[PDB]
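Colleague: Got a sequence here, can you model it:
(chains A, B, C, D and E)
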Amino acid sequence: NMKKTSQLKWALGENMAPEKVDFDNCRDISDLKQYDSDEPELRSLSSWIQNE
Amino acid sequence: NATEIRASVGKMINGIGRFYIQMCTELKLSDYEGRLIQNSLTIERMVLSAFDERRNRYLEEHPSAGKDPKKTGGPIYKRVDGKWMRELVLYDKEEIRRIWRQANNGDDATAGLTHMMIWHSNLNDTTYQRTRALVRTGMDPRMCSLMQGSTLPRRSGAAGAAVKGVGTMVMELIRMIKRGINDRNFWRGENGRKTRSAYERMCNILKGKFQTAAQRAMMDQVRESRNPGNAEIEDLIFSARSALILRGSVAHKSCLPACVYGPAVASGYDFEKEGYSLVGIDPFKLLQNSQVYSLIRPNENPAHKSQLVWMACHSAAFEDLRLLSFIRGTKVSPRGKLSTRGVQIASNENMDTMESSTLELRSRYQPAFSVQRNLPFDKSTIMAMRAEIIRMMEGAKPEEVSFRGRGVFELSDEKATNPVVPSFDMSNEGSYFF
Amino acid sequence: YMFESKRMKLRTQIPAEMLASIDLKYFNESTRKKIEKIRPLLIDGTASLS
RNA sequence: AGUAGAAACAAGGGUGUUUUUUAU
RNA sequence: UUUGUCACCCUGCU
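Modeller: Residues are numbered from 1 along each chain as shown, chains lettered A, B, ... in the order given. Structure as follows:
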């Protein structure tokens, strides 16, 4: 078991989920909106996939 | 700048003295009470409860048991004709509001609030031993003379930095983060702003406290850490052993209670004209020339109770006896060596057997002639910037506590002309907590 | 639906019962143009589907 | 940061206990 | 920051 150090939690993503609070309270805050539901970013072919 | 500061200090002194005076006059007390430490402390308590917002809140909520809401009071003592009598009344608070007022030219006075409460706080220090507290936190025993501000209120924007000893801050931080373990919202919450604010100021001031280039960076790292945890904790505790080896810039100074401000005023003197130096000779003089009454139970030497009163009223922070007993004419005997149970009186035990007595509040008094002293040669226990702090520990000159404050020379030497070479008797122990 | 605030790290759940009264300043364009076309059918959580 | 793609994950629930106290 | 000093359970498709 690895000790828990700063860089390891950073890399492994610990303590980074937002807090769960009700709608009765954070109803008068700005920048409050849906989760993002957009199409992914488009990309084009490269050469390494055939070589692999 | 400094002159104006001293003037304001003297003004607050005058104010506290008036306050004591008015309170006394009203209660219908007499000279004796003016010099009755117990009643003085009761009044101080009362006023302190009074100026507290969080306190007000909680009380208004559901005060329940205790004195009536909006008012309060303390165990106040008074001989009848033969023996002392301990009463208790819930003085109305408006009275208190108006008494501070007149006493302070209508100017709020939290500065002296903290002065005197520091006073009572360090007094309680001379008297109690918070051994458990340490391990209660997990810190493990640290035989130290610091943590003077360990048992004081929250608001000392400055006084805290002045007296809170590295240990106090370290302990606080340990619990801080610690609650940042047991709790998750401390950061997982909008409260996060306030929370980080606190962590940060503390970091800065505590890192600055000591004077070791090495750890300083370590503390910077500890601060830059978000979502703190155990590693941070181990770090801090060692560094605190390392502080045991490094002076906490925090420097303790000196205290004066309303009881003493009171006759200082009732007697005759101009405080607002000349601010009493909490780090100079003025308070010393006033005290040496001030009467005082301490109620004492049986099986308690008057030389030992006066000694206990001395340290607490000299801001000793469990200081070294090598000078403590110098600075004062008589020999200062170790804590475990004195017959006393503190100053505060409980309600659980007999009151008829209360001998009142007069407190002996008087005192007789590295290229510099003063020789700082360290007695830390327990590298073994020290072992119990890794190599940096290790080597700095290996062969260096540490110090439990440096009372560079309180110039105390020869009391006839009023502004430090003839530093009398100190003569320390190495026979007796150096730490108040041994 | 689930709403999020990037500035204060808050996530919250709103139930399908509030889809006839809630302010519309929280949804993207597709959700707005869906809600504002289904809104003439909402009756106590259900939706008329004949 | 990352997973992931039309909306989510990066944990989620309850139980406590509380007017200044002399010492190790 | 806090009226706190520290603990405790539970759950992994509900």
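
Colleague: Going by C-alpha atoms from here, please, whenever you check contacts or count neighbours.
Modeller: Fine.

Colleague: Next one: the spatially most central residue of chain C from residue C:3, what distance?
Modeller: Nearest to the geometric centre of chain C sits residue C:19, at 4.5 Å (CA atoms, centre = their mean). Residue C:19 is 14 Å from residue C:3, where distance means CA to CA, to the nearest Å.

Colleague: Quick check: neighbours shared by these two?
Modeller: Counting by CA atoms under 8 Å, 6 or more residues apart in numbering or on different chains, no residue touches both residue C:19 and residue C:3.

Colleague: residues in chain C within reach of chain B, list them.
Modeller: Those residues of chain C that sit near chain B, judged by CA under 8 Å from any CA of the partner chain, are C:8, C:9.

Colleague: Which positions in chain C make contact with RNA strand E?
Modeller: Residues of chain C lying near RNA strand E by CA under 7 Å from any atom of the strand: none.

Colleague: which residues in chain C form helices?
Modeller: C:29-38 (DSSP state H).

Colleague: What is the neighbour count of the closest residue to the residue nearest to the centre of chain C other than its chain neighbours?
Modeller: In space, and not counting its chain neighbours, residue C:19 is closest to residue C:35: 7.4 Å by CA to CA, 6 or more residues apart in numbering or on different chains. Counted with other CA atoms under 10 Å in any protein chain shown, residues neighbouring residue C:35 total 16.

Colleague: repeat for the one 4 residues further on
Modeller: Residue C:39: 13 surrounding residues under other CA under 10 Å.

Colleague: which non-adjacent residue is nearest it?
Modeller: Among residues not flanking residue C:39 along the chain, residue C:20 sits closest, at 6.4 Å (CA to CA, 6+ apart).

Colleague: What is the neighbour count of the one you found?
Modeller: With other CA under 10 Å as criterion, residue C:20 counts 18.

Colleague: Starting from chain B, give me the distance back to the residue nearest to residue C:19.
Modeller: As for residue C:35, its distance to chain B is 31 Å (criterion: CA to the nearest CA, to the nearest Å).

Colleague: Next, residue A:19: phi, psi?
Modeller: Dihedral angles of residue A:19 (phi, psi; degrees, to the nearest 10) stand at phi -80, psi 150.

Colleague: do residue B:398 as well
Modeller: For residue B:398, the backbone dihedrals (degrees, to the nearest 10) come out as phi -90, psi -170.

Colleague: count of residues packed around it?
Modeller: Other residues near residue B:398 number 20, with proximity taken as other CA under 10 Å.

Colleague: What are the neighbouring residues in contact with the nearest residue to it once chain neighbours are set aside?
Modeller: The shortest distance from residue B:398 to any non-neighbouring residue, by CA to CA, 6+ apart, is to residue B:245 (4.5 Å). Applying CA under 8 Å, 6+ apart to residue B:245 gives the contacts B:376, B:393, B:397, B:398, B:399, B:400.

Colleague: who in chain A is up against RNA strand D?
Modeller: A:10-20, A:34-41.

Colleague: Restricted to helices, list the residues you listed.
Modeller: A:10, A:11, A:12.

Colleague: The helix or strand containing residue B:231 and RNA strand E in contact?
Modeller: In the assignment (DSSP states H and E), residue B:231 maps to helix B:230-244. No: Helix B:230-244 stays clear of RNA strand E (CA under 7 Å from any atom of the strand), getting no nearer than 12.7 Å.

Colleague: helices and strands around that helix, which ones?
Modeller: For helix B:230-244, the contact count by 3 or more CA pairs under 8 Å, 6 or more residues apart in numbering or on different chains; DSSP states H and E identifies helix B:166-182 as packing neighbours.

Colleague: What residues sit buried inside the helix it packs on?
Modeller: Of the residues in helix B:166-182, B:166-171, B:173-178, B:180 count as buried by neighbour count, 16 or more other CA atoms under 10 Å in any protein chain shown.

Colleague: With distance to RNA strand D added, can I get these in JSON lines?
Modeller: As requested, these are exported to JSON lines (distance: CA to the nearest atom of the strand, whole Å):
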{"residue": "B:166", "distance to RNA strand D": "19"}
{"residue": "B:167", "distance to RNA strand D": "16"}
{"residue": "B:168", "distance to RNA strand D": "16"}
{"residue": "B:169", "distance to RNA strand D": "19"}
{"residue": "B:170", "distance to RNA strand D": "20"}
{"residue": "B:171", "distance to RNA strand D": "18"}
{"residue": "B:173", "distance to RNA strand D": "18"}
{"residue": "B:174", "distance to RNA strand D": "16"}
{"residue": "B:175", "distance to RNA strand D": "13"}
{"residue": "B:176", "distance to RNA strand D": "14"}
{"residue": "B:177", "distance to RNA strand D": "15"}
{"residue": "B:178", "distance to RNA strand D": "12"}
{"residue": "B:180", "distance to RNA strand D": "12"}
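
Colleague: how about the strands in the chain?
Modeller: Since you didn't name a chain, this refers to chain A. Ranges of strands in chain A, per DSSP state E, are A:19-20, A:32-34.

Colleague: wrong one, chain B
Modeller: B:76-79, B:84-87, B:293-296, B:355-358.

Colleague: Output those in JSON lines; the columns should cover distance to chain A and mean neighbour count.
Modeller: What follows is those, written out as JSON lines (distance: least, CA to the nearest CA, whole Å; neighbours: other CA atoms under 10 Å in any protein chain shown):
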{"stretch": "strand B:76-79", "distance to chain A": "48", "mean neighbour count": "16"}
{"stretch": "strand B:84-87", "distance to chain A": "49", "mean neighbour count": "14"}
{"stretch": "strand B:293-296", "distance to chain A": "55", "mean neighbour count": "20"}
{"stretch": "strand B:355-358", "distance to chain A": "59", "mean neighbour count": "15"}
